[PDB]
């Protein structure tokens, strides 16, 4: 059926917008099919997501979904008119260079199309922590010349939880810059 992903309850739904960027991170919002397995306190639907954005006084311009495990919500069912992009980030290996570029291109393609806006890119994985943290920091390091420990620190502060995966951290810090021509 619809199962609650491991440790999904153990994370703050929505982080703080990262100042100096247009990134915001959160754990997957869950469809109503999931809510029969959640106490109403544990609930976090896409509606709640859009409230928490509006309550922080921002608005979403793009949603990048990194998850693959289950249908968590349908983009069509969103309190919507925010464009959606799926970028499957699978397994525990450092996200591959192909995924890293899909992410950069989407973020780049978004900022040029919205340089007038302060509309945000909302990125989410299952917990909005590990895969999300990697990709956000990888972009900041590569594109914005932010040094690793600074990007990690910023992501962690705004998220409410520290990035966990040691191999992600190691790559952020000592791994090479992913360049293309």
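Positions refer to the first chain, counted from 1.
S.K.: Which is higher in the entry, the mean Cα B factor of 75-83 or that of 103-111?
M.R.: The stretch with the larger mean CA B-factor is 75-83.
S.K.: Output the stretch having the higher mean C-alpha B factor in the entry; the candidates are 113-121 and 41-49.
M.R.: So the stretch with the higher mean C-alpha B-factor is 113-121.
S.K.: What's the residue among 9, 165, 161, 22 with the greatest CA temperature factor in the PDB record?
M.R.: Most elevated C-alpha B-factor of the set, per the entry: 22.
S.K.: Of the choices 156, 57, 132, 67, which one's C-alpha carries the largest B-factor in the record?
M.R.: When the deposited C-alpha B-factors of 156, 57, 132, 67 are compared, 57 is largest.
S.K.: Once the chain's modelled residues are ordered by C-alpha B factor and cut into thirds, is residue 128 in the lowest, middle or highest one?
M.R.: It falls in the bottom third of the chain.
S.K.: Consider only the C-alpha atoms of the modelled residues in this chain, order them by B-factor as the entry records it, and name the third containing residue 176: lowest, middle or highest.
M.R.: Middle third.
S.K.: Ordered by C-alpha B-factor within the chain, which third holds residue 63? Give me lowest, middle or highest, please.
M.R.: Highest third - that is where residue 63 ends up once the chain's C-alpha B-factors are sorted.
S.K.: Determine, from the deposited record, the chain-internal third of the Cα B-factor for residue 138: lowest, middle or highest.
M.R.: For residue 138, whose C-alpha B-factor we compare with every modelled residue in the chain, the answer is the lowest third.
S.K.: Tell me, lowest, middle or highest third: where does the Cα B factor of residue 27 rank within its chain?
M.R.: For residue 27, the deposited C-alpha B-factor lands in the lowest third.
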